[PDB]
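6 protein chains.
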Amino acid sequence: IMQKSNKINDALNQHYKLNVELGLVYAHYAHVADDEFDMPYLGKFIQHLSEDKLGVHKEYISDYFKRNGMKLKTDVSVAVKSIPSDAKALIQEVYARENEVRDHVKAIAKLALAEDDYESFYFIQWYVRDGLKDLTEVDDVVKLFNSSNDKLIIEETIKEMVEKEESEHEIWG
Amino acid sequence: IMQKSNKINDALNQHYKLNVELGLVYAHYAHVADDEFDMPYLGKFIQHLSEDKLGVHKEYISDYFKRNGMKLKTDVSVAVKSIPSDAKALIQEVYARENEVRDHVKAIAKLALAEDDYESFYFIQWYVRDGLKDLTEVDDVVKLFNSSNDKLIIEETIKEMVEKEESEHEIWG
Amino acid sequence: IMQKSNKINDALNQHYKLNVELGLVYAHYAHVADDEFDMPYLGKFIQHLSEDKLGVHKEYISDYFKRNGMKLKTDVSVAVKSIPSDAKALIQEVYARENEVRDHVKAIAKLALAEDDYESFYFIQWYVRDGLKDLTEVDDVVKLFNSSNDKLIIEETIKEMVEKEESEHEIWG
Amino acid sequence: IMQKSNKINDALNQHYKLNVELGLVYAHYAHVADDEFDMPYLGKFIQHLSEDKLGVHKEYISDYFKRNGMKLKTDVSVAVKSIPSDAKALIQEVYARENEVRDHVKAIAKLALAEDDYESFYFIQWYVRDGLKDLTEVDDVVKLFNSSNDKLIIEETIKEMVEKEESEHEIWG
Amino acid sequence: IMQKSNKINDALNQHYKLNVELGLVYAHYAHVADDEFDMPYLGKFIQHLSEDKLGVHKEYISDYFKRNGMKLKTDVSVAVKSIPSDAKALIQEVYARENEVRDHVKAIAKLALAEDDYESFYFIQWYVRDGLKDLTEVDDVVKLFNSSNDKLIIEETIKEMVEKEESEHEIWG
Amino acid sequence: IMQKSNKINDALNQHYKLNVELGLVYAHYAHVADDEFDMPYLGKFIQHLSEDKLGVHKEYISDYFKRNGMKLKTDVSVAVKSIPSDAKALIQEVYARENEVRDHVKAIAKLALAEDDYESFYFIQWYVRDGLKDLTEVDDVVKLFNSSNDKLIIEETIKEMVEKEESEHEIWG
Ligand SMILES: [Cl-]
Ligand SMILES: [Cl-]
Ligand SMILES: [Cl-]
Ligand SMILES: [Cl-]
Ligand SMILES: [Cl-]
Ligand SMILES: [Cl-]
Ligand SMILES: [Fe+3]
Ligand SMILES: [Fe+3]
Ligand SMILES: [Fe+3]
Ligand SMILES: [Fe+3]
Ligand SMILES: [Fe+3]
Ligand SMILES: [Fe+3]
Ligand SMILES: [Fe+3]
Ligand SMILES: [Fe+3]
Ligand SMILES: [Fe+3]
Ligand SMILES: [Fe+3]
Ligand SMILES: [Fe+3]
Ligand SMILES: [Fe+3]
Ligand SMILES: [Fe+3]
Ligand SMILES: [Fe+3]
Ligand SMILES: [Fe+3]
Ligand SMILES: [Fe+3]
Ligand SMILES: [Fe+3]
Ligand SMILES: [Fe+3]
Ligand SMILES: [Fe+3]
Ligand SMILES: [Fe+3]
Ligand SMILES: [Fe+3]
Ligand SMILES: [Fe+3]
Ligand SMILES: [Fe+3]
Ligand SMILES: [Fe+3]
Ligand SMILES: [Fe+3]
Ligand SMILES: [Fe+3]
Ligand SMILES: [Fe+3]
Ligand SMILES: [Fe+3]
Ligand SMILES: [Fe+3]
Ligand SMILES: [Fe+3]
Ligand SMILES: [Fe+3]
Ligand SMILES: [Fe+3]
Ligand SMILES: [Fe+3]
Ligand SMILES: [Fe+3]
Ligand SMILES: [Fe+3]
Ligand SMILES: [Fe+3]
Ligand SMILES: [Fe+3]
Ligand SMILES: [Fe+3]
Ligand SMILES: [Fe+3]
Ligand SMILES: [Fe+3]
Ligand SMILES: [Fe+3]
Ligand SMILES: [Fe+3]
Ligand SMILES: [Fe+3]
Ligand SMILES: [Fe+3]
Ligand SMILES: [Fe+3]
Ligand SMILES: [Fe+3]
Ligand SMILES: [Fe+3]
Ligand SMILES: [Fe+3]
Ligand SMILES: [Fe+3]
Ligand SMILES: [Fe+3]
Ligand SMILES: [Fe+3]
Ligand SMILES: [Fe+3]
Ligand SMILES: [Fe+3]
Ligand SMILES: [Fe+3]
Ligand SMILES: [Fe+3]
Ligand SMILES: [Fe+3]
Ligand SMILES: [Fe+3]
Ligand SMILES: [Fe+3]
Ligand SMILES: [Fe+3]
Ligand SMILES: [Fe+3]
Ligand SMILES: [Fe+3]
Ligand SMILES: [Fe+3]
Ligand SMILES: [Fe+3]
Ligand SMILES: [Fe+3]
Ligand SMILES: [Fe+3]
Ligand SMILES: [Fe+3]
Ligand SMILES: [Fe+3]
Ligand SMILES: [Fe+3]
Ligand SMILES: [Fe+3]
Ligand SMILES: [Fe+3]
Ligand SMILES: [Fe+3]
Ligand SMILES: [Fe+3]
Ligand SMILES: [Fe+3]
Ligand SMILES: [Fe+3]
Ligand SMILES: [Fe+3]
Ligand SMILES: [Fe+3]
Ligand SMILES: [Fe+3]
Ligand SMILES: [Fe+3]
Ligand SMILES: [Fe+3]
Ligand SMILES: [Fe+3]
Ligand SMILES: [Fe+3]
Ligand SMILES: [Fe+3]
Ligand SMILES: [Fe+3]
Ligand SMILES: [Fe+3]
Ligand SMILES: [Fe+3]
Ligand SMILES: [Fe+3]
Ligand SMILES: [Fe+3]
Ligand SMILES: [Fe+3]
Ligand SMILES: [Fe+3]
Ligand SMILES: [Fe+3]
Ligand SMILES: [Fe+3]
Ligand SMILES: [Fe+3]
Ligand SMILES: [Fe+3]
Ligand SMILES: [Mg+2]
Ligand SMILES: [Mg+2]
Ligand SMILES: [Mg+2]
Ligand SMILES: [Mg+2]
Ligand SMILES: [Mg+2]
Ligand SMILES: [Mg+2]
Numbered sequence: 009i010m011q012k013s014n015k016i017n018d019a020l021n022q023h024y025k026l027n028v029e030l031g032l033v034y035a036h037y038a039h040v041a042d043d044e045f046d047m048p049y050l051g052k053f054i055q056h057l058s059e060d061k062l063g064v065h066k067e068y069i070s071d072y073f074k075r076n077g078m079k080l081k082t083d084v085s086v087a088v089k090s091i092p093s094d095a096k097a098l099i100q101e102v103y104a105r106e107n108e109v110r111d112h113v114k115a116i117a118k119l120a121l122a123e124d125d126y127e128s129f130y131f132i133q134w135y136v137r138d139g140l141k142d143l144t145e146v147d148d149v150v151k152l153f154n155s156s157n158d159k160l161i162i163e164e165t166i167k168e169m170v171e172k173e174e175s176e177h178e179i180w181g
Numbered sequence: 009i010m011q012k013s014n015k016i017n018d019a020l021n022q023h024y025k026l027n028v029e030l031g032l033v034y035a036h037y038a039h040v041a042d043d044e045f046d047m048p049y050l051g052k053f054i055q056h057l058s059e060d061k062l063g064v065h066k067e068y069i070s071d072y073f074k075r076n077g078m079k080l081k082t083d084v085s086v087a088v089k090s091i092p093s094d095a096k097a098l099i100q101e102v103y104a105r106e107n108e109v110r111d112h113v114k115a116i117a118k119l120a121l122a123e124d125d126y127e128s129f130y131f132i133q134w135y136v137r138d139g140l141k142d143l144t145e146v147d148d149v150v151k152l153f154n155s156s157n158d159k160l161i162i163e164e165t166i167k168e169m170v171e172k173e174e175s176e177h178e179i180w181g
Numbered sequence: 009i010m011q012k013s014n015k016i017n018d019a020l021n022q023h024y025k026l027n028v029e030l031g032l033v034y035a036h037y038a039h040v041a042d043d044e045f046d047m048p049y050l051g052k053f054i055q056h057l058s059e060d061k062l063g064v065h066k067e068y069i070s071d072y073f074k075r076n077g078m079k080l081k082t083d084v085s086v087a088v089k090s091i092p093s094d095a096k097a098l099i100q101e102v103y104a105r106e107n108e109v110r111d112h113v114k115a116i117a118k119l120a121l122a123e124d125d126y127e128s129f130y131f132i133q134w135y136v137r138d139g140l141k142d143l144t145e146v147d148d149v150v151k152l153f154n155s156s157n158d159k160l161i162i163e164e165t166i167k168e169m170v171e172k173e174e175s176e177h178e179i180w181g
Numbered sequence: 009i010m011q012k013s014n015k016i017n018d019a020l021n022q023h024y025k026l027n028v029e030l031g032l033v034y035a036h037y038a039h040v041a042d043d044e045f046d047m048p049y050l051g052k053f054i055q056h057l058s059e060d061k062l063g064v065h066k067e068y069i070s071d072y073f074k075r076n077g078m079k080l081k082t083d084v085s086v087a088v089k090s091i092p093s094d095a096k097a098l099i100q101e102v103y104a105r106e107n108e109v110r111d112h113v114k115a116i117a118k119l120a121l122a123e124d125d126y127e128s129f130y131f132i133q134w135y136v137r138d139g140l141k142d143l144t145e146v147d148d149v150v151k152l153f154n155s156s157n158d159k160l161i162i163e164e165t166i167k168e169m170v171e172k173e174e175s176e177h178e179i180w181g
Numbered sequence: 009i010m011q012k013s014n015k016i017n018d019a020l021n022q023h024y025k026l027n028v029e030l031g032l033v034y035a036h037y038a039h040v041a042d043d044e045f046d047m048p049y050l051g052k053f054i055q056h057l058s059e060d061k062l063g064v065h066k067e068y069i070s071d072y073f074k075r076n077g078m079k080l081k082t083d084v085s086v087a088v089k090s091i092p093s094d095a096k097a098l099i100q101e102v103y104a105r106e107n108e109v110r111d112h113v114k115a116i117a118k119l120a121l122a123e124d125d126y127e128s129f130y131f132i133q134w135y136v137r138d139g140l141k142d143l144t145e146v147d148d149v150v151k152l153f154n155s156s157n158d159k160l161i162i163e164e165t166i167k168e169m170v171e172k173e174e175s176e177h178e179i180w181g
Numbered sequence: 009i010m011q012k013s014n015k016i017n018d019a020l021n022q023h024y025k026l027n028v029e030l031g032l033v034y035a036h037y038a039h040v041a042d043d044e045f046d047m048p049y050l051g052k053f054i055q056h057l058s059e060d061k062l063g064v065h066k067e068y069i070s071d072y073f074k075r076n077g078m079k080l081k082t083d084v085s086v087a088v089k090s091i092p093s094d095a096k097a098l099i100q101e102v103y104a105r106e107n108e109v110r111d112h113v114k115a116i117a118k119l120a121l122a123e124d125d126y127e128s129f130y131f132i133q134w135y136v137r138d139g140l141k142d143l144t145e146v147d148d149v150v151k152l153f154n155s156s157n158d159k160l161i162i163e164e165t166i167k168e169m170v171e172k173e174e175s176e177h178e179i180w181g
């Protein structure tokens, strides 16, 4: 009884993989934001997202697997072979990737209900909430590139974003 | 003048790659130590090593590159396709990989002197020191599997290792 | 036995001279940044670099000489006979001079190894590290002139640079 | 109206030059006091005078020039080509140079009145007061070499001079 | 791989031996400074040097050997069969022995580079720095015997040396 | 009157020698306990005994000699040419050596009474008390190797022995 769902196990190993590979791309994008685009605070913002993906995002999946008999797979391949041409396109690409996360997570929630896997549906709620929270944070930075042509003005707003004391939203936090 | 050494740039991108891929293997080994071998404290010890490799070990290289004109490359491929058969062999494999780190780092230091790259020789001293410090920490855990046949006795000593307040050794710390 | 190297003694007296003369040029550049270019915070940034060169940079050499039998020479000649035409060129010239420091320091380290002067190789590591740290700090200001056309926007970022509480980087600090 | 006096501008650039060059000579004399005469506290006393000349003494002139339209000139040449033969003669030479400062400053005050430059007469009062204060401090050390033949006894008194908490005299402080 | 260098192992066992035997000679010299020369503070100064040699100087070598597979050898023979004839010659002999330490350490650093033993080159930097720091401290006491003919005056300065709160020099400390 | 006893002077120089040579053997045994037997806490216990022998045990004798006209001799020869084959035999050898200390000290006390040297009889009481206190501490570790076959269990008890806050026994402390 209570035998783990192989399909959920697969989708969650795929999501583990995505979060590792995303985190490694974001670490590269963070380097480039500072080094090539002269935007160290944009770099810090993207580096923090890197550490979220390679941190709690993958960690919680590994922890979940230990509780329920699911098997962890580590199979990672990613190469950063071209970069967006400027900072605005850099954060727009981060935006595009986070939007894809929301769609991947939606599939996992739908699958958990289909499997009558209510522990997995419960578990994935964190990723449902964080999918939109993460997109909103990236959106707040995308907006800046449309509200000013001055990189240092943009950088000052990003600086207060990354140095603000995090206070969770009651629902999305 | 002061034009970066392409050979050092390559060896340091290779070392960036190694630290990413090691860190991902250690994250898997940490999961297995808890989940399969029933050694959660060994898991925590290896997980902390995972975060060191994916943390300051790669970070300092990226930071160095921004200072001197070297180019960062992100090109990662690793798959955990078999695991050691028990906890003793698990930590012995971690030991073997850390010993290899010492040898990779030795080559980079030797190369920096050959290139008369004294900023790179200075930079790599951190990795020279940390190579032996890391090996010593893993060695301290390997010894436990040779001093007791009882996994819970071993686990209690590892627990005080991972929960000790870190106090740096004057030379190796 | 342990008789001081005359060649190192010469190269270090030359480096003492450079740091005095640089410091005096930077004191002039600091005056001009405020007085002619209306950039008092750029002035404060360059004045702080002035005091570093005329402070610990020369002091440590004098202190080293007292320990090992090397002779100090004071022979200083510098005249500021033209200035860069605007603030961007002013900080670019500071950048050029700091890059030259890295090259002078590299020669001294190479020479210490050639002389088997390991106390001097140890001593010069401070200047190896500080060569890149100083260049990075000046680079951070150069970038600002490429990220905004507004001198007051640039000045606000420099102000937070000079008024930040200094926290040393683990390697370069 | 209120057009700066070219003669005062010249005399103050000359005084800027003197304070730089004095400060560099005192830095050398400080090294020699410790290194050759075995008087580290005499060295510290002279080093503190070095930092005063290269510090507020020149700084206030640069700051004054920014307020009133005077032009700063940086033109420095000094070489320490012989040293006094012992510590008593070393501090006697420092005394002689400080006495010359009083005479240079007197000329500037006289000139400010001749030019009806009351801002400059006000500004130079600091240097009038400090001229005598500095001479008195050096005189206090000269006296020691006439009150004891024992260098360590002299050194102990100098040590309490340099380590005393500075408390300004109501007039000369 | 990473097999320890037998030559470094030998030179470091020899340096372990030197530090033991020096420490035992200094313990005797400390006794004599008080008992025969009536200089208890000179005795305390030399006793502190005794404890440094028999303390961290040998300890760090033993600790290093445990990390890398080098073998410790304990083989000690020293007899104090004559003493210098007065306190000045006593501290001059201590000076001579510390100068020899600098030369022994220089050979070990040179050897580590020859062996491409970068962990050993890193390890020995502590002894490179401490070689000159120790010599400077002994030099400060030698100078006293040339600056006064009064043993109690000399003793008072040594007393403030040994009772000062140690504050490390940024480079040599 | 009150002329020092030459026989006591000899026996106390011999005891000074024993404590130096014992301390050096214990420093080696401490290294081996950690490095070869994988018992770092046993190593710390023996290292602390090393520092006692080379510390107050010899120090008090040197201090005594300064008070009464006895002459200090430094004549040290010891080589560790074989080690016990395991940790139990290592601590049993330490036990054997401490038992010999009790017998050496007994001879000195007996001799002081024979010489009517009541200052020496008083002085040696410290060593009479410490002879048994030291043996008891080593005995407490010997017992552990007879109460468990598990080196890590033994190590945990030794760890609380070496990390306990020392509280002196009213008589033996
Ligand atoms: Cl199902
Ligand atoms: Cl090159
Ligand atoms: Cl040479
Ligand atoms: Cl006029
Ligand atoms: Cl080799
Ligand atoms: Cl008698
Ligand atoms: Fe399947
Ligand atoms: Fe750049
Ligand atoms: Fe940066
Ligand atoms: Fe966040
Ligand atoms: Fe978790
Ligand atoms: Fe599993
Ligand atoms: Fe597995
Ligand atoms: Fe590819
Ligand atoms: Fe790509
Ligand atoms: Fe851009
Ligand atoms: Fe664009
Ligand atoms: Fe999109
Ligand atoms: Fe579905
Ligand atoms: Fe949630
Ligand atoms: Fe997130
Ligand atoms: Fe290439
Ligand atoms: Fe299980
Ligand atoms: Fe667990
Ligand atoms: Fe750690
Ligand atoms: Fe960093
Ligand atoms: Fe690049
Ligand atoms: Fe790139
Ligand atoms: Fe594969
Ligand atoms: Fe594998
Ligand atoms: Fe197992
Ligand atoms: Fe096995
Ligand atoms: Fe191995
Ligand atoms: Fe090479
Ligand atoms: Fe380091
Ligand atoms: Fe590490
Ligand atoms: Fe316990
Ligand atoms: Fe020459
Ligand atoms: Fe103006
Ligand atoms: Fe201003
Ligand atoms: Fe700074
Ligand atoms: Fe200094
Ligand atoms: Fe000299
Ligand atoms: Fe000179
Ligand atoms: Fe000229
Ligand atoms: Fe010029
Ligand atoms: Fe401008
Ligand atoms: Fe321009
Ligand atoms: Fe340049
Ligand atoms: Fe050279
Ligand atoms: Fe440094
Ligand atoms: Fe600097
Ligand atoms: Fe603002
Ligand atoms: Fe004119
Ligand atoms: Fe000297
Ligand atoms: Fe000094
Ligand atoms: Fe003052
Ligand atoms: Fe001012
Ligand atoms: Fe002007
Ligand atoms: Fe100008
Ligand atoms: Fe000249
Ligand atoms: Fe001269
Ligand atoms: Fe003199
Ligand atoms: Fe004279
Ligand atoms: Fe005069
Ligand atoms: Fe006049
Ligand atoms: Fe005033
Ligand atoms: Fe003054
Ligand atoms: Fe051999
Ligand atoms: Fe006496
Ligand atoms: Fe005494
Ligand atoms: Fe010390
Ligand atoms: Fe140690
Ligand atoms: Fe060994
Ligand atoms: Fe041995
Ligand atoms: Fe002999
Ligand atoms: Fe002798
Ligand atoms: Fe004497
Ligand atoms: Fe003499
Ligand atoms: Fe000598
Ligand atoms: Fe060699
Ligand atoms: Fe050091
Ligand atoms: Fe030392
Ligand atoms: Fe006094
Ligand atoms: Fe006799
Ligand atoms: Fe081992
Ligand atoms: Fe250890
Ligand atoms: Fe004790
Ligand atoms: Fe004592
Ligand atoms: Fe005696
Ligand atoms: Fe003697
Ligand atoms: Fe022998
Ligand atoms: Fe033996
Ligand atoms: Fe054993
Ligand atoms: Fe046995
Ligand atoms: Fe026995
Ligand atoms: Fe007897
Ligand atoms: Fe007692
Ligand atoms: Fe004891
Ligand atoms: Mg249904
Ligand atoms: Mg070469
Ligand atoms: Mg060579
Ligand atoms: Mg008039
Ligand atoms: Mg070579
Ligand atoms: Mg009787």
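Chains as they are written, first to last, in the entry's author numbering: chain A, 9 to 181; chain B, 9 to 181; chain C, 9 to 181; chain D, 9 to 181; chain E, 9 to 181; chain F, 9 to 181.
For every residue, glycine included, the Cβ atom is placed at its ideal position computed from N, Cα and C.
For residue i: DSSP bridge partner residues
i: residue 156 of chain A; result: Paired residues: none, contrary to the question.
Nearest-angstrom Cβ-Cβ length linking residue i and residue j, presumed shorter than 8 Å
i: residue 34 of chain C; j: residue 113 of chain C; result: Rounded, the Cβ-Cβ distance is 17 Å, inconsistent with contact.
Contact set for residue i: own chain, Cβ-Cβ below 6 Å, skip 5 residues either direction
i: residue 128 of chain A; result: 16 and 120
i: residue 156 of chain D; result: 162
Spatial distance of residue i from residue j (CA atoms)
i: residue 68 of chain C; j: residue 28 of chain D; result: 20 Å
Interface partners of residue i on chain C, CB under 8 Å
i: residue 30 of chain E; result: None at all; the shortest Cβ gap to chain C is about 16 Å.
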